[PDB]
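Notes to accompany the following structure.
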Amino acid sequence: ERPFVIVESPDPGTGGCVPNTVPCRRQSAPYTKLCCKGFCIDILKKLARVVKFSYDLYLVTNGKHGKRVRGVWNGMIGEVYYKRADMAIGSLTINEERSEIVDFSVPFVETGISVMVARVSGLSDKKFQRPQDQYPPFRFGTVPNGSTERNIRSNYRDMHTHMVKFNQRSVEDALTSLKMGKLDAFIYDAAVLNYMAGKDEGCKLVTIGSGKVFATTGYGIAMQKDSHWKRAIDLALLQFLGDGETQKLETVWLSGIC
Amino acid sequence: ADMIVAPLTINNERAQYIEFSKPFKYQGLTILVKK
Ligand SMILES: *[C@@H]1O[C@H](CO)[C@@H](O[C@@H]2O[C@H](CO)[C@@H](O)[C@H](O)[C@H]2NC(C)=O)[C@H](O)[C@H]1NC(C)=O
């Protein structure tokens, strides 16, 4: 995903990769040894020492976060629900549908739904509320299989119906298409878009800013239901957040130029 | 008492004893100055 987690191939400098990184395997019997680095990796490494527990990290196979197709849950949520893992670190938004089955810790960063446009006055604006005027035909984001997709589909039928003709390849192709002009607006998570404008060719920006945040929530750590690990990790992470190093990690990994 | 509904922030010491629910409005600490 976004710089919370980054996958890098080992370098021939040492027949591997240096410290400040942890080996990670791409599951699928044979495996190639990669090593993963990022924000969540750093927070996990910092957490491990205090509570003194062992860990092994492995990637997801099916991918695409989480979904519920007739109870067939894929992704990290699918992996943790069927008792195939103990925790699922990384990008994950706490909402009503997910929390029914799997327990969560406290949030550590702020996030939500934002809007990205090329260089509108909120969700309830008539442009997104009344798609019937043909002279300003706008465009949207809506990376499918997304957490926000469920919300926008559940809350506004007309927008979901009119969002069919939307660019959908990645958080990379949308930026290129917007820089081209093949679309008009983009909607996705907040903590990733506000960073994505941090270091970009020129200065592409968003609307008013953090004042325009919809369904404000945070990222969290999932865990199997009814385990002492849940309480232990939650209290430890609260103590760490109260310490204040989270700001240092943020300024190390979440700073931009524009 | 049995329940607290007030602007009560969360910290380690209080988290040691009582159990909290999910938060509903984020904030911080800021300085008040007179113009
Ligand atoms: C969500 O993830 C699923 C699982 O990988 C993808 O499944 C596709 O679903 C569409 C119909 O929605 C089928 O036409 C494809 O054949 C399925 N497989 C693939 C590989 O695309 C799906 O693409 C993702 N997105 C949506 C909107 O379902």
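All residue numbers given for chain A refer to Swiss-Prot; the residues shown span 410-437, 447-537, 660-798 in order.
Method of determination (from the header): electron microscopy, 4.2 Å.
Placement of Cβ uses the backbone N, Cα and C atoms for every residue, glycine included.
Swiss-Prot has this to say about the protein:
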- A:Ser509, A:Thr511, A:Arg516, A:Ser687, A:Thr688, A:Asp729: L-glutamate binding site (BINDING)
- A:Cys426-A:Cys453: disulfide bond (DISULFID)
- A:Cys433-A:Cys454: disulfide bond (DISULFID)
- A:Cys743-A:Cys798: disulfide bond (DISULFID)
- A:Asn685: N-linked glycosylation site (CARBOHYD)
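Here A:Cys426 (disulfide bond) is positioned 33 angstrom away from A:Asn685 (N-linked glycosylation site), judged by their C-alpha atoms. Screening the recorded positions A:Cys426, A:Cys454, A:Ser509, A:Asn685, A:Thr688, A:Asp729 for a C-beta under 6 A from any atom of ligand 1 leaves A:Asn685. According to DSSP, A:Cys454 (disulfide bond) is assigned to a strand segment.
Straight-line distance linking the Cα atoms of A:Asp729 (L-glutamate binding site) and A:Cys453 (disulfide bond), rounded to a whole number, equals 26 Å. Minimal Cβ crowding within 10 Å, among the disulfide-bonded residues A:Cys426, A:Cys433, A:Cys453, A:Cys798, is found at A:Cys798. Sequence-distant neighbours of A:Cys454 (disulfide bond) (same chain, 6+ residues apart, CB-CB distance under 8 A): A:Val414, A:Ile415, A:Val416, A:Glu417, A:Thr430, A:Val431, A:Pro432, A:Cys433, A:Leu475, A:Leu477.
Neighbour density for A:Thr688 (L-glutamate binding site): within 10 A of its CB lie 21 other CB atoms from the protein chains shown.
Rounded to a whole number, the distance between the Cα atoms of A:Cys426 (disulfide bond) and A:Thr688 (L-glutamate binding site) is 36 Å. Note on proximity: of the disulfide-bonded residues A:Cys426, A:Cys453, A:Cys743, A:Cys798, the one nearest A:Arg516 (L-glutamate binding site) is A:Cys453, by Cα distance. Counting only the Cα atoms, the space from A:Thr511 (L-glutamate binding site) to A:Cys426 (disulfide bond) is about 31 angstrom. Straight-line distance linking the Cα atoms of A:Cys426 (disulfide bond) and A:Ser687 (L-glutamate binding site), rounded to a whole number, equals 33 Å.
Around A:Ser687 (L-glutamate binding site), the C-beta neighbours below 8 angstroms that are at least 6 residues distant in the chain are A:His483, A:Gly484, A:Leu510, A:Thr511, A:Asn513, A:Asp729. When the recorded positions A:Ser509, A:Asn685 are compared by the number of other CB atoms within 10 angstroms of each CB, A:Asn685 has the fewest. The shortest Cα-Cα distance between A:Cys453 (disulfide bond) and any of the recorded positions A:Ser509, A:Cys743, A:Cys798 is the one to A:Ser509.
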